[PDB]
């Protein structure tokens, strides 16, 4: 891997953003880390009420105004915000030549499951109501947001809503019990995600609900009829087997799946694209995938 990977690993091993003693310290810690990758001056952000869900339109000079990605940020359903993910949003807008709607979906523990899925489905329906066309749309998300992307597609399908052209999952979290083999075998090489913090956040999101609840843990959802999926995941991830098991379930349900395992990459390495060449390479691949499915 690039030299930059060792630098990102060293930062994460020291910051340990999922190991802060309070939820507010975890939220503030991630916001502090995100402000290190500051927005290019050509990014336009417009706050919007996306049908009762706060959001930001993210636009760059070559954004096609009629193509839209609904972007669902990661953070265990507990942390993350418009501020933590606006840089990843603008990099995808730039690569896919589209507008991105980055939503502030309700977070746990304040708002347990299914609040996040209620908000993502509301924002997608709002995009349709305000004139976006599914053939020019996609849903994308990282980590918890990658799980939320799959759950959003399932909920929309089940409500008879037309599904978008494609969807993208970056290191998705779809097993809220952490029983994948990699949760053991990759624990040594993962500097960000371990079982104990995942179970902490899963408890906040589930609030005592079955951890195999299909819209919380879409490894247990019916995936038939979903649009083409790109799953990007790093091999230095305890969540590697979340992606592998999701690909298996989706393909078994007839979904076009592209599973891309990136050797030695860490959780949501794309967020470090300002410094990490493999992060920018992975984002260029996301843009290629979306533009292919919008042709």
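Numbering follows the first chain given and starts at 1.
Higher mean CA temperature factor, per the PDB entry, when comparing 145-153 with 93-101: 93-101. Look at the C-alpha B-factors of 30-38 and of 233-241. On average they run higher in 30-38. Residue set 72, 202, 216, 188: peak C-alpha B-factor at 188 (per PDB entry). Residue set 121, 171, 84, 184: peak C-alpha B-factor at 184 (per PDB entry). Residue 246: CA B factor in the lowest third of modelled residues in this chain (values from the PDB entry). When the modelled residues of the chain are ordered by C-alpha B-factor, residue 252 sits in the middle third. Compared with the other modelled residues of the chain, the Cα B-factor recorded for residue 179 ranks in the highest third. Split the chain's modelled residues into thirds by C-alpha temperature factor. Residue 68 is in the lowest one.
Annotation for residue 80: CA B-factor lies in the lowest third of the chain's modelled residues.
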